[PDB]
$ cat entry_3.cif   # mmCIF, N, CA and C atoms
data_model
loop_
_atom_site.label_atom_id
_atom_site.label_comp_id
_atom_site.auth_asym_id
_atom_site.auth_seq_id
_atom_site.Cartn_x
_atom_site.Cartn_y
_atom_site.Cartn_z
N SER A 1 -3.95 -8.42 7.72
CA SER A 1 -2.85 -9.23 7.12
C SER A 1 -2.79 -10.63 7.78
N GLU A 2 -3.13 -10.69 9.06
CA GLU A 2 -3.03 -11.93 9.85
C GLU A 2 -4.04 -12.99 9.43
N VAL A 3 -4.96 -12.61 8.54
CA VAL A 3 -6.09 -13.46 8.17
C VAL A 3 -5.73 -14.54 7.10
N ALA A 4 -4.53 -14.47 6.51
CA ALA A 4 -4.16 -15.46 5.50
C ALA A 4 -4.06 -16.86 6.10
N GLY A 5 -4.47 -17.85 5.31
CA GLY A 5 -4.23 -19.24 5.64
C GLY A 5 -5.50 -19.97 5.96
N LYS A 6 -5.36 -21.02 6.75
CA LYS A 6 -6.41 -22.03 6.91
C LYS A 6 -7.44 -21.64 7.98
N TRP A 7 -8.71 -21.73 7.60
CA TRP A 7 -9.86 -21.48 8.47
C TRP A 7 -10.86 -22.63 8.34
N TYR A 8 -11.78 -22.72 9.30
CA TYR A 8 -12.93 -23.60 9.22
C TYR A 8 -14.19 -22.77 9.36
N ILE A 9 -15.22 -23.12 8.60
CA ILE A 9 -16.55 -22.59 8.78
C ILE A 9 -17.29 -23.57 9.70
N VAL A 10 -17.62 -23.09 10.90
CA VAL A 10 -17.99 -23.99 12.00
C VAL A 10 -19.44 -23.79 12.41
N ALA A 11 -20.10 -22.75 11.90
CA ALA A 11 -21.54 -22.58 12.13
C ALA A 11 -22.12 -21.68 11.06
N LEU A 12 -23.42 -21.82 10.88
CA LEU A 12 -24.22 -21.19 9.86
C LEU A 12 -25.53 -20.78 10.46
N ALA A 13 -26.11 -19.73 9.90
CA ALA A 13 -27.45 -19.34 10.26
C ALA A 13 -28.22 -18.91 9.01
N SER A 14 -29.44 -19.42 8.86
CA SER A 14 -30.29 -19.08 7.70
C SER A 14 -31.71 -19.54 7.96
N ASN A 15 -32.66 -19.02 7.17
CA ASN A 15 -34.07 -19.36 7.34
C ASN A 15 -34.74 -20.02 6.12
N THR A 16 -33.95 -20.54 5.18
CA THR A 16 -34.54 -21.24 4.04
C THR A 16 -35.06 -22.61 4.48
N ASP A 17 -36.13 -23.08 3.84
CA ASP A 17 -36.57 -24.46 4.02
C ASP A 17 -35.45 -25.41 3.60
N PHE A 18 -34.69 -25.02 2.58
CA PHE A 18 -33.63 -25.87 2.04
C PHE A 18 -32.56 -26.09 3.09
N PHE A 19 -32.14 -25.00 3.72
CA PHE A 19 -31.21 -25.05 4.86
C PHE A 19 -31.84 -25.77 6.04
N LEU A 20 -33.09 -25.40 6.35
CA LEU A 20 -33.80 -25.99 7.48
C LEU A 20 -33.92 -27.51 7.36
N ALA A 21 -34.06 -28.00 6.13
CA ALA A 21 -34.30 -29.42 5.88
C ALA A 21 -33.01 -30.21 5.73
N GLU A 22 -31.92 -29.49 5.44
CA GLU A 22 -30.65 -30.13 5.16
C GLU A 22 -29.55 -29.76 6.16
N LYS A 23 -29.84 -28.87 7.12
CA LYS A 23 -28.79 -28.40 8.03
C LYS A 23 -28.24 -29.55 8.87
N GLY A 24 -29.09 -30.53 9.15
CA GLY A 24 -28.65 -31.72 9.89
C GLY A 24 -27.66 -32.60 9.15
N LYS A 25 -27.54 -32.42 7.83
CA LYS A 25 -26.60 -33.19 7.01
C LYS A 25 -25.27 -32.47 6.83
N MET A 26 -25.22 -31.19 7.19
CA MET A 26 -24.12 -30.33 6.83
C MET A 26 -22.93 -30.55 7.75
N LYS A 27 -21.75 -30.45 7.18
CA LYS A 27 -20.49 -30.66 7.90
C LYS A 27 -19.64 -29.41 7.78
N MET A 28 -18.67 -29.31 8.67
CA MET A 28 -17.70 -28.24 8.68
C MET A 28 -16.95 -28.10 7.36
N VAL A 29 -16.84 -26.86 6.91
CA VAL A 29 -16.16 -26.54 5.65
C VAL A 29 -14.75 -26.04 5.94
N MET A 30 -13.77 -26.60 5.24
CA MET A 30 -12.41 -26.08 5.34
C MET A 30 -12.23 -24.98 4.28
N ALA A 31 -11.56 -23.92 4.69
CA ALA A 31 -11.29 -22.80 3.78
C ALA A 31 -9.81 -22.40 3.84
N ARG A 32 -9.31 -21.87 2.74
CA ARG A 32 -8.05 -21.13 2.79
C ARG A 32 -8.21 -19.76 2.18
N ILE A 33 -7.69 -18.75 2.86
CA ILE A 33 -7.75 -17.38 2.38
C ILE A 33 -6.38 -16.95 1.91
N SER A 34 -6.32 -16.37 0.70
CA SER A 34 -5.11 -15.81 0.09
C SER A 34 -5.38 -14.40 -0.43
N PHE A 35 -4.44 -13.49 -0.23
CA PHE A 35 -4.60 -12.10 -0.63
C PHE A 35 -3.88 -11.85 -1.95
N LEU A 36 -4.50 -11.04 -2.81
CA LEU A 36 -3.75 -10.33 -3.85
C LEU A 36 -3.80 -8.86 -3.57
N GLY A 37 -2.64 -8.31 -3.23
CA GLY A 37 -2.53 -6.89 -3.00
C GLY A 37 -3.40 -6.45 -1.85
N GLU A 38 -4.07 -5.32 -2.04
CA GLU A 38 -4.76 -4.61 -0.98
C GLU A 38 -6.25 -4.96 -0.90
N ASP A 39 -6.91 -5.13 -2.05
CA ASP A 39 -8.39 -5.14 -2.07
C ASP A 39 -8.99 -6.49 -2.45
N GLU A 40 -8.17 -7.47 -2.79
CA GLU A 40 -8.68 -8.72 -3.36
C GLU A 40 -8.23 -9.95 -2.56
N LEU A 41 -9.15 -10.87 -2.34
CA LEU A 41 -8.78 -12.15 -1.74
C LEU A 41 -9.52 -13.27 -2.41
N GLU A 42 -8.89 -14.45 -2.41
CA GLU A 42 -9.52 -15.62 -2.99
C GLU A 42 -9.68 -16.60 -1.84
N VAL A 43 -10.89 -17.09 -1.68
CA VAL A 43 -11.18 -18.14 -0.72
C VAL A 43 -11.29 -19.49 -1.44
N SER A 44 -10.55 -20.48 -0.93
CA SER A 44 -10.66 -21.85 -1.43
C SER A 44 -11.41 -22.69 -0.42
N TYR A 45 -12.45 -23.40 -0.85
CA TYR A 45 -13.29 -24.14 0.08
C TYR A 45 -13.20 -25.64 -0.24
N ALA A 46 -13.43 -26.45 0.79
CA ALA A 46 -13.58 -27.89 0.69
C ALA A 46 -14.68 -28.34 1.66
N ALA A 47 -15.73 -28.93 1.12
CA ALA A 47 -16.89 -29.41 1.92
C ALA A 47 -17.40 -30.77 1.42
N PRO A 48 -17.65 -31.71 2.35
CA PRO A 48 -18.28 -32.96 1.94
C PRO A 48 -19.67 -32.75 1.37
N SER A 49 -20.12 -33.75 0.60
CA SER A 49 -21.50 -33.79 0.10
C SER A 49 -21.84 -35.20 -0.32
N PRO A 50 -23.14 -35.52 -0.51
CA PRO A 50 -23.56 -36.87 -0.95
C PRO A 50 -23.02 -37.24 -2.35
N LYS A 51 -22.51 -36.25 -3.06
CA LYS A 51 -21.83 -36.46 -4.33
C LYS A 51 -20.32 -36.41 -4.17
N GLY A 52 -19.82 -36.38 -2.94
CA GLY A 52 -18.37 -36.34 -2.65
C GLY A 52 -17.84 -34.96 -2.28
N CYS A 53 -16.54 -34.92 -1.95
CA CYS A 53 -15.90 -33.69 -1.53
C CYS A 53 -16.01 -32.67 -2.67
N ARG A 54 -16.54 -31.51 -2.33
CA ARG A 54 -16.66 -30.45 -3.30
C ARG A 54 -15.60 -29.41 -3.02
N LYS A 55 -14.88 -29.00 -4.06
CA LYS A 55 -13.83 -28.03 -3.91
C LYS A 55 -14.05 -26.91 -4.90
N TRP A 56 -13.98 -25.66 -4.43
CA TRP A 56 -14.25 -24.50 -5.29
C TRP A 56 -13.59 -23.26 -4.69
N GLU A 57 -13.46 -22.23 -5.52
CA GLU A 57 -12.88 -20.94 -5.12
C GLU A 57 -13.77 -19.79 -5.52
N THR A 58 -13.75 -18.78 -4.68
CA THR A 58 -14.39 -17.51 -4.92
C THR A 58 -13.43 -16.39 -4.62
N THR A 59 -13.48 -15.34 -5.44
CA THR A 59 -12.62 -14.20 -5.31
C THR A 59 -13.47 -13.00 -4.99
N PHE A 60 -13.09 -12.33 -3.92
CA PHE A 60 -13.79 -11.15 -3.44
C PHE A 60 -12.92 -9.92 -3.52
N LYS A 61 -13.57 -8.82 -3.86
CA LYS A 61 -12.91 -7.53 -3.97
C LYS A 61 -13.60 -6.53 -3.05
N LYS A 62 -12.81 -5.78 -2.29
CA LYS A 62 -13.28 -4.69 -1.43
C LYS A 62 -13.51 -3.49 -2.32
N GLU A 63 -14.95 -3.18 4.96
CA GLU A 63 -15.30 -4.54 5.40
C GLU A 63 -16.49 -5.14 4.65
N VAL A 64 -16.82 -4.58 3.50
CA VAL A 64 -17.70 -5.24 2.55
C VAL A 64 -16.87 -5.68 1.37
N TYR A 65 -17.06 -6.93 0.95
CA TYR A 65 -16.40 -7.45 -0.22
C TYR A 65 -17.43 -8.08 -1.14
N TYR A 66 -17.11 -8.11 -2.43
CA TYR A 66 -18.03 -8.51 -3.49
C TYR A 66 -17.38 -9.45 -4.50
N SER A 67 -18.11 -10.52 -4.86
CA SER A 67 -17.74 -11.43 -5.95
C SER A 67 -18.75 -11.34 -7.10
N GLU A 68 -18.31 -10.93 -8.30
CA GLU A 68 -19.20 -10.85 -9.43
C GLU A 68 -19.64 -12.22 -9.95
N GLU A 69 -18.75 -13.21 -9.92
CA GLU A 69 -19.10 -14.57 -10.35
C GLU A 69 -20.35 -15.12 -9.67
N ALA A 70 -20.33 -15.09 -8.35
CA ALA A 70 -21.38 -15.68 -7.54
C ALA A 70 -22.45 -14.65 -7.19
N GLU A 71 -22.32 -13.43 -7.69
CA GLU A 71 -23.24 -12.36 -7.33
C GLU A 71 -23.41 -12.34 -5.80
N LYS A 72 -22.29 -12.22 -5.10
CA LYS A 72 -22.29 -12.47 -3.68
C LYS A 72 -21.57 -11.33 -3.00
N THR A 73 -22.23 -10.81 -1.99
CA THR A 73 -21.72 -9.72 -1.16
C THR A 73 -21.45 -10.32 0.21
N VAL A 74 -20.30 -10.00 0.81
CA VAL A 74 -19.98 -10.45 2.16
C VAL A 74 -19.56 -9.31 3.06
N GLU A 75 -20.11 -9.29 4.26
CA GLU A 75 -19.82 -8.26 5.27
C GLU A 75 -19.23 -8.93 6.48
N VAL A 76 -18.17 -8.34 7.00
CA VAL A 76 -17.56 -8.80 8.22
C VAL A 76 -18.28 -8.04 9.32
N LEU A 77 -18.99 -8.78 10.16
CA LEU A 77 -19.76 -8.16 11.25
C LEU A 77 -18.95 -8.02 12.53
N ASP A 78 -18.00 -8.93 12.69
CA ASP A 78 -17.16 -8.99 13.87
C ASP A 78 -16.01 -9.92 13.60
N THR A 79 -14.84 -9.54 14.09
CA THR A 79 -13.65 -10.37 14.03
C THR A 79 -12.49 -9.86 14.88
N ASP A 80 -11.68 -10.79 15.38
CA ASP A 80 -10.45 -10.41 16.05
C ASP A 80 -9.24 -10.54 15.12
N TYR A 81 -9.50 -10.89 13.86
CA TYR A 81 -8.48 -10.97 12.78
C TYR A 81 -7.45 -12.05 13.03
N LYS A 82 -7.77 -12.99 13.92
CA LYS A 82 -6.80 -13.96 14.44
C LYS A 82 -7.39 -15.35 14.71
N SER A 83 -8.59 -15.36 15.31
CA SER A 83 -9.21 -16.53 15.93
C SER A 83 -10.55 -16.90 15.30
N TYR A 84 -11.37 -15.89 14.99
CA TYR A 84 -12.72 -16.08 14.51
C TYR A 84 -13.15 -14.88 13.66
N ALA A 85 -14.22 -15.05 12.89
CA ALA A 85 -14.90 -13.95 12.22
C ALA A 85 -16.36 -14.33 11.97
N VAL A 86 -17.24 -13.35 12.11
CA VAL A 86 -18.66 -13.48 11.78
C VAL A 86 -18.95 -12.73 10.48
N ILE A 87 -19.44 -13.47 9.49
CA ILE A 87 -19.59 -12.98 8.12
C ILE A 87 -21.05 -13.06 7.77
N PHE A 88 -21.57 -12.01 7.18
CA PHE A 88 -22.94 -12.08 6.70
C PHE A 88 -22.88 -11.99 5.17
N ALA A 89 -23.48 -12.98 4.51
CA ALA A 89 -23.45 -13.12 3.06
C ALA A 89 -24.81 -12.91 2.44
N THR A 90 -24.83 -12.17 1.33
CA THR A 90 -26.04 -11.96 0.54
C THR A 90 -25.77 -12.29 -0.91
N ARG A 91 -26.55 -13.22 -1.46
CA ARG A 91 -26.37 -13.72 -2.81
C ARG A 91 -27.64 -13.57 -3.63
N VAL A 92 -27.47 -13.28 -4.92
CA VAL A 92 -28.61 -13.19 -5.84
C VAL A 92 -28.54 -14.34 -6.83
N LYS A 93 -29.54 -15.23 -6.78
CA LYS A 93 -29.56 -16.42 -7.63
C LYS A 93 -30.89 -16.56 -8.37
N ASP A 94 -30.91 -16.17 -9.64
CA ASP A 94 -32.11 -16.27 -10.47
C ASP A 94 -33.23 -15.40 -9.91
N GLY A 95 -32.94 -14.11 -9.75
CA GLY A 95 -33.90 -13.16 -9.18
C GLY A 95 -34.00 -13.18 -7.66
N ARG A 96 -33.52 -14.25 -7.02
CA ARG A 96 -33.78 -14.46 -5.60
C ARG A 96 -32.59 -14.05 -4.73
N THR A 97 -32.83 -13.15 -3.77
CA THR A 97 -31.83 -12.81 -2.76
C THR A 97 -31.81 -13.81 -1.59
N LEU A 98 -30.68 -14.49 -1.40
CA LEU A 98 -30.46 -15.41 -0.29
C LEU A 98 -29.48 -14.82 0.72
N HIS A 99 -29.69 -15.06 2.02
CA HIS A 99 -28.80 -14.57 3.04
C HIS A 99 -28.36 -15.74 3.88
N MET A 100 -27.13 -15.66 4.37
CA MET A 100 -26.63 -16.62 5.35
C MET A 100 -25.57 -15.96 6.20
N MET A 101 -25.55 -16.30 7.48
CA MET A 101 -24.47 -15.94 8.35
C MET A 101 -23.57 -17.13 8.50
N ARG A 102 -22.27 -16.87 8.53
CA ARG A 102 -21.28 -17.91 8.75
C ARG A 102 -20.27 -17.54 9.88
N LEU A 103 -19.85 -18.52 10.67
CA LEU A 103 -18.79 -18.30 11.65
C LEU A 103 -17.53 -19.02 11.18
N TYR A 104 -16.50 -18.24 10.89
CA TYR A 104 -15.16 -18.73 10.63
C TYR A 104 -14.40 -18.89 11.96
N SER A 105 -13.67 -20.00 12.11
CA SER A 105 -12.77 -20.21 13.24
C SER A 105 -11.40 -20.75 12.77
N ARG A 106 -10.28 -20.39 13.42
CA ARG A 106 -8.98 -20.99 13.08
C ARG A 106 -8.87 -22.40 13.59
N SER A 107 -9.51 -22.66 14.72
CA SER A 107 -9.56 -24.00 15.27
C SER A 107 -10.91 -24.65 14.96
N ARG A 108 -10.90 -25.96 14.73
CA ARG A 108 -12.16 -26.69 14.51
C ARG A 108 -12.98 -26.78 15.78
N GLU A 109 -12.34 -26.52 16.92
CA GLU A 109 -13.02 -26.39 18.20
C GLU A 109 -13.30 -24.92 18.47
N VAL A 110 -14.53 -24.50 18.23
CA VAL A 110 -14.85 -23.08 18.30
C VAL A 110 -14.85 -22.62 19.75
N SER A 111 -14.30 -21.43 19.99
CA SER A 111 -14.29 -20.88 21.33
C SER A 111 -15.70 -20.46 21.74
N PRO A 112 -16.05 -20.66 23.02
CA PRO A 112 -17.31 -20.17 23.57
C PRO A 112 -17.56 -18.71 23.22
N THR A 113 -16.50 -17.91 23.24
CA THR A 113 -16.57 -16.47 23.04
C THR A 113 -17.08 -16.15 21.64
N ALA A 114 -16.42 -16.74 20.66
CA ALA A 114 -16.80 -16.61 19.27
C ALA A 114 -18.22 -17.09 19.02
N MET A 115 -18.58 -18.25 19.58
CA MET A 115 -19.93 -18.78 19.36
C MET A 115 -20.98 -17.81 19.94
N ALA A 116 -20.69 -17.27 21.12
CA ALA A 116 -21.59 -16.32 21.77
C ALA A 116 -21.84 -15.06 20.94
N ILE A 117 -20.80 -14.52 20.30
CA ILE A 117 -20.96 -13.33 19.45
C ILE A 117 -21.77 -13.66 18.21
N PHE A 118 -21.49 -14.81 17.62
CA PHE A 118 -22.25 -15.28 16.45
C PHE A 118 -23.75 -15.37 16.77
N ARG A 119 -24.08 -16.07 17.86
CA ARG A 119 -25.48 -16.26 18.27
C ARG A 119 -26.18 -14.92 18.58
N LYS A 120 -25.48 -14.03 19.27
CA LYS A 120 -25.93 -12.65 19.47
C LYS A 120 -26.26 -11.91 18.19
N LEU A 121 -25.32 -11.86 17.26
CA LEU A 121 -25.57 -11.16 16.02
C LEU A 121 -26.63 -11.85 15.14
N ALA A 122 -26.66 -13.19 15.13
CA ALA A 122 -27.75 -13.96 14.50
C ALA A 122 -29.10 -13.57 15.08
N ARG A 123 -29.21 -13.60 16.40
CA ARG A 123 -30.48 -13.25 17.02
C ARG A 123 -30.95 -11.84 16.69
N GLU A 124 -30.02 -10.92 16.50
CA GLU A 124 -30.34 -9.55 16.07
C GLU A 124 -30.95 -9.46 14.68
N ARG A 125 -30.75 -10.47 13.85
CA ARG A 125 -31.37 -10.49 12.53
C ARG A 125 -32.59 -11.42 12.56
N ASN A 126 -33.06 -11.75 13.76
CA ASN A 126 -34.18 -12.68 14.00
C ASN A 126 -34.01 -14.07 13.41
N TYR A 127 -32.78 -14.58 13.39
CA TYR A 127 -32.58 -16.02 13.31
C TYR A 127 -32.97 -16.64 14.66
N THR A 128 -33.76 -17.71 14.60
CA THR A 128 -34.05 -18.50 15.77
C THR A 128 -32.96 -19.56 15.98
N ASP A 129 -33.07 -20.29 17.09
CA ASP A 129 -32.15 -21.37 17.40
C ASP A 129 -32.27 -22.52 16.41
N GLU A 130 -33.46 -22.73 15.86
CA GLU A 130 -33.65 -23.79 14.87
C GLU A 130 -32.95 -23.40 13.57
N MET A 131 -32.62 -22.11 13.42
CA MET A 131 -31.97 -21.62 12.20
C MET A 131 -30.43 -21.55 12.28
N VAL A 132 -29.88 -21.97 13.41
CA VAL A 132 -28.43 -22.04 13.61
C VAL A 132 -27.97 -23.49 13.62
N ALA A 133 -26.97 -23.78 12.79
CA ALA A 133 -26.33 -25.09 12.70
C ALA A 133 -24.92 -24.97 13.19
N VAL A 134 -24.58 -25.77 14.20
CA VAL A 134 -23.20 -25.92 14.59
C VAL A 134 -22.73 -27.17 13.84
N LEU A 135 -21.74 -27.01 12.95
CA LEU A 135 -21.36 -28.05 11.99
C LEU A 135 -20.43 -29.10 12.60
N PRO A 136 -20.79 -30.41 12.51
CA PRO A 136 -19.90 -31.49 12.91
C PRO A 136 -18.59 -31.46 12.10
N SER A 137 -17.48 -31.79 12.76
CA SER A 137 -16.17 -31.87 12.12
C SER A 137 -16.17 -32.92 11.05
N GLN A 138 -15.28 -32.75 10.08
CA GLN A 138 -15.10 -33.78 9.08
C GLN A 138 -13.62 -33.80 8.71
N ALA A 139 -13.09 -34.97 8.43
CA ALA A 139 -11.66 -35.08 8.19
C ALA A 139 -11.34 -35.60 6.80
N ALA A 140 -12.32 -35.73 5.92
CA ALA A 140 -12.08 -36.41 4.64
C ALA A 140 -11.98 -35.45 3.45
N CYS A 141 -12.31 -34.18 3.68
CA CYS A 141 -12.41 -33.21 2.63
C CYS A 141 -11.55 -31.99 2.98
N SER A 142 -10.42 -31.80 2.28
CA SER A 142 -9.46 -30.71 2.53
C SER A 142 -9.19 -29.86 1.32
N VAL A 143 -8.82 -28.61 1.56
CA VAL A 143 -8.28 -27.81 0.50
C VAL A 143 -6.92 -28.36 0.07
N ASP A 144 -6.59 -28.09 -1.17
CA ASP A 144 -5.36 -28.60 -1.77
C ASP A 144 -4.16 -27.83 -1.23
N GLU A 145 -2.99 -28.44 -1.30
CA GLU A 145 -1.76 -27.68 -1.07
C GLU A 145 -1.54 -26.66 -2.21
N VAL A 146 -0.82 -25.59 -1.91
CA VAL A 146 -0.52 -24.59 -2.92
C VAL A 146 0.81 -24.93 -3.53
N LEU A 147 0.91 -24.85 -4.85
CA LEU A 147 2.20 -24.94 -5.49
C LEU A 147 2.48 -23.56 -6.02
N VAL A 148 3.67 -23.04 -5.74
CA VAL A 148 4.06 -21.76 -6.31
C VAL A 148 5.19 -21.95 -7.30
N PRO A 149 4.87 -21.73 -8.59
CA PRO A 149 5.85 -21.75 -9.67
C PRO A 149 7.02 -20.84 -9.37
N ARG A 150 8.21 -21.28 -9.76
CA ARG A 150 9.42 -20.47 -9.65
C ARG A 150 9.38 -19.34 -10.67
#
$ encode --input "entry_3.cif" --output "structure tokens"
Amino acid sequence: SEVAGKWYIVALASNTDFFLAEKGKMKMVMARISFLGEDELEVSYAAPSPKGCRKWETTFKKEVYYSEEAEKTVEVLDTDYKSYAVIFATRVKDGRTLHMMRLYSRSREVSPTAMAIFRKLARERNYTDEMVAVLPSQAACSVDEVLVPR
């Protein structure tokens, strides 16, 4: 329950050439998590790009959650439900299975502890150090405020 609200995605791990070639351009992603009932959550994201701030939402349904839109499965590998979480994502895009690990943090300044667990679990899936991006902060791209109709 404590997981609602504002998070940052502060590190990534993957082995694609696309990620490998562009990880140096990547910036911290702002997220907001909102629950519907017991099994469903919607994540709202905001990330810079060379085409401008990109804003989008994904809805996941149940520590494995699934989005049919994005053909995306997410597993929570570790979390204190308060400060950080390590998420492993698997997506199917045009026949192709893509994987990425992400580190969520409540603070844009990631704790040593959280980073250490992320790097440990990354290394267990044979991500190298060249395959981990610690994302520079960005202040120009935010999730929107929520308006709740009366």
$ closest_atom_pairs --input "entry_3.cif" --of "stretch 43-80 of chain A" --to "stretch 90-110 of chain A" --cutoff "8 Å" --atoms "all atoms listed in the file" --output "JSON lines"
{"residue": "A:70", "atom": "C", "partner": "A:92", "partner_atom": "N", "distance": 5.7}
{"residue": "A:71", "atom": "C", "partner": "A:92", "partner_atom": "N", "distance": 4.3}
{"residue": "A:72", "atom": "CA", "partner": "A:91", "partner_atom": "CA", "distance": 4.4}
{"residue": "A:73", "atom": "N", "partner": "A:90", "partner_atom": "C", "distance": 4.0}
{"residue": "A:74", "atom": "N", "partner": "A:90", "partner_atom": "N", "distance": 5.0}
{"residue": "A:75", "atom": "N", "partner": "A:90", "partner_atom": "N", "distance": 6.3}
$ write_last_selection --input "entry_3.cif" --atoms "N, CA and C atoms" --output "tab-separated table (two decimals), keeping the file's coordinate frame"
chain	number	residue	atom	x	y	z
A	70	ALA	N	-20.33	-15.09	-8.35
A	70	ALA	CA	-21.38	-15.68	-7.54
A	70	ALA	C	-22.45	-14.65	-7.19
A	71	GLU	N	-22.32	-13.43	-7.69
A	71	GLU	CA	-23.24	-12.36	-7.33
A	71	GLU	C	-23.41	-12.34	-5.80
A	72	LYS	N	-22.29	-12.22	-5.10
A	72	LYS	CA	-22.29	-12.47	-3.68
A	72	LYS	C	-21.57	-11.33	-3.00
A	73	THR	N	-22.23	-10.81	-1.99
A	73	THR	CA	-21.72	-9.72	-1.16
A	73	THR	C	-21.45	-10.32	0.21
A	74	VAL	N	-20.30	-10.00	0.81
A	74	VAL	CA	-19.98	-10.45	2.16
A	74	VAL	C	-19.56	-9.31	3.06
A	75	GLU	N	-20.11	-9.29	4.26
A	75	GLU	CA	-19.82	-8.26	5.27
A	75	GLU	C	-19.23	-8.93	6.48
$ atom_distance --input "entry_3.cif" --atom1 "atom CA of residue A:66" --atom2 "atom CA of residue A:8"
20.4 Å
$ resolve_selection --input "entry_3.cif" --expression "the PyMOL selection byres (((chain A and resi 4 and name CA) around 8) and name CA)" --output "VMD selection string"
chain A and resid 1 to 3 5 to 6 32 to 35
$ residues_around --input "entry_3.cif" --residues "residue A:27" --least-positions-apart "3" --cutoff "8 Å" --atoms "all atoms listed in the file" --output "PyMOL selection string"
chain A and resi 9-11+22-24+30+46-49+134-138
$ write_last_selection --input "entry_3.cif" --atoms "N, CA and C atoms" --output "short mmCIF file (atom, residue, chain, number, x, y, z; two decimals), in the coordinates of the input"
data_model
loop_
_atom_site.label_atom_id
_atom_site.label_comp_id
_atom_site.auth_asym_id
_atom_site.auth_seq_id
_atom_site.Cartn_x
_atom_site.Cartn_y
_atom_site.Cartn_z
N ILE A 9 -15.22 -23.12 8.60
CA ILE A 9 -16.55 -22.59 8.78
C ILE A 9 -17.29 -23.57 9.70
N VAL A 10 -17.62 -23.09 10.90
CA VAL A 10 -17.99 -23.99 12.00
C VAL A 10 -19.44 -23.79 12.41
N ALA A 11 -20.10 -22.75 11.90
CA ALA A 11 -21.54 -22.58 12.13
C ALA A 11 -22.12 -21.68 11.06
N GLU A 22 -31.92 -29.49 5.44
CA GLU A 22 -30.65 -30.13 5.16
C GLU A 22 -29.55 -29.76 6.16
N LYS A 23 -29.84 -28.87 7.12
CA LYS A 23 -28.79 -28.40 8.03
C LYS A 23 -28.24 -29.55 8.87
N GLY A 24 -29.09 -30.53 9.15
CA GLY A 24 -28.65 -31.72 9.89
C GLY A 24 -27.66 -32.60 9.15
N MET A 30 -13.77 -26.60 5.24
CA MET A 30 -12.41 -26.08 5.34
C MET A 30 -12.23 -24.98 4.28
N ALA A 46 -13.43 -26.45 0.79
CA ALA A 46 -13.58 -27.89 0.69
C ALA A 46 -14.68 -28.34 1.66
N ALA A 47 -15.73 -28.93 1.12
CA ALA A 47 -16.89 -29.41 1.92
C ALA A 47 -17.40 -30.77 1.42
N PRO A 48 -17.65 -31.71 2.35
CA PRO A 48 -18.28 -32.96 1.94
C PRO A 48 -19.67 -32.75 1.37
N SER A 49 -20.12 -33.75 0.60
CA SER A 49 -21.50 -33.79 0.10
C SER A 49 -21.84 -35.20 -0.32
N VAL A 134 -24.58 -25.77 14.20
CA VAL A 134 -23.20 -25.92 14.59
C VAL A 134 -22.73 -27.17 13.84
N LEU A 135 -21.74 -27.01 12.95
CA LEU A 135 -21.36 -28.05 11.99
C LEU A 135 -20.43 -29.10 12.60
N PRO A 136 -20.79 -30.41 12.51
CA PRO A 136 -19.90 -31.49 12.91
C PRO A 136 -18.59 -31.46 12.10
N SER A 137 -17.48 -31.79 12.76
CA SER A 137 -16.17 -31.87 12.12
C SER A 137 -16.17 -32.92 11.05
N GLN A 138 -15.28 -32.75 10.08
CA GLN A 138 -15.10 -33.78 9.08
C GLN A 138 -13.62 -33.80 8.71
#
$ closest_residue --input "entry_3.cif" --among "A:79, A:59, A:67, A:44" --to "residue A:7" --atoms "only C-alpha atoms"
A:44
$ atom_distance --input "entry_3.cif" --atom1 "atom C of residue A:88" --atom2 "atom N of residue A:65"
8.8 Å
$ atom_distance --input "entry_3.cif" --atom1 "atom CA of residue A:140" --atom2 "atom CA of residue A:80"
28.4 Å
$ select_by_dssp --input "entry_3.cif" --residues "chain A" --states "alpha helix (DSSP H)" --output "PyMOL selection string"
chain A and resi 17-22+112-124
$ closest_residue --input "entry_3.cif" --among "A:78, A:112, A:145, A:58" --to "residue A:42" --atoms "only C-alpha atoms"
A:58
